[PDB]
């Protein structure tokens, strides 16, 4: 059997899951992020305003706590947290392991994201060589300890109103998907990144890097490619922000089509549009952001993963992709 962690939707933009730290089972809510490779929780030693409404970690209450204290700063694209390393029993679903994590004491570099969102910490689901402190990934460690069948995990993302989701550790369950499951070989050692041809109508990018990322709540697109997409599309940019607004029923809005020799994955407007009726009637925001990597790259974030069930397979160094079942 497999370890199943339930995923709760947060206003159709993101999702969260719970896990515990300490032998007294101190509860936390996590962003589960395939794009990073460290676990962190806010500490009772936290000095900053963000920590005020969070579940906090108290090492003195856990008899399995092992002191480390090495200083560490965790830099993400959207901000920084700092604190120090600690080690304790981490439990995910019904499995436990001793695990090295970051006790965060300063979250001021992660504002306003942190105070506005209802997560306590971030649980990384990436590769070891992307971690600070050379930490073996949780799922690799669980496999090594014979607590799961395979060194893989899967995401069946919740759909607002329709159903909850699951992060499943250790194997692939048929209940989550329909049609074929296609495996795409990783093109990098330490990112969940695959090679796909990216088509949006006339515009194409041959053999683009495509990162499948659970922690990114948009599709990201190279800026040049995006500028070509938005030309004559009747969308308007929000002042001061990298977001475009449209009429929801704008007939011009294209369908993303990513292809390999193995498979074909499409993303229609209904999957990348976000209603903003409160802002104005019949108005939608595109969940699409222009971003230039050194090599042309798309991030296939939460909107892609809402449509597609995904398998992250360490042993076979690949990402599996299938159409998510509309219900459970």
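Residue numbers count along the first chain shown, from 1.
- Per-stretch averaging of Cα B factors for 200-208 and 89-97 places 200-208 on top.
- Judged by mean Cα B factor in the deposited record, 271-279 ranks above the other of 285-293 and 271-279.
- Among the modelled residues of its chain, residue 315 has a C-alpha B-factor that falls in the middle third, as given in the PDB entry.
- Sort the chain's modelled residues by C-alpha temperature factor and residue 108 lands in the middle third, per the entry.
- Ranked within its chain, residue 176 lands in the middle third, by CA B factor from the PDB record.
- Per-chain ranking of the deposited C-alpha B factor places residue 29 in the lowest third.
- In the PDB entry, residue 68 places in the middle third of its chain by CA B-factor.
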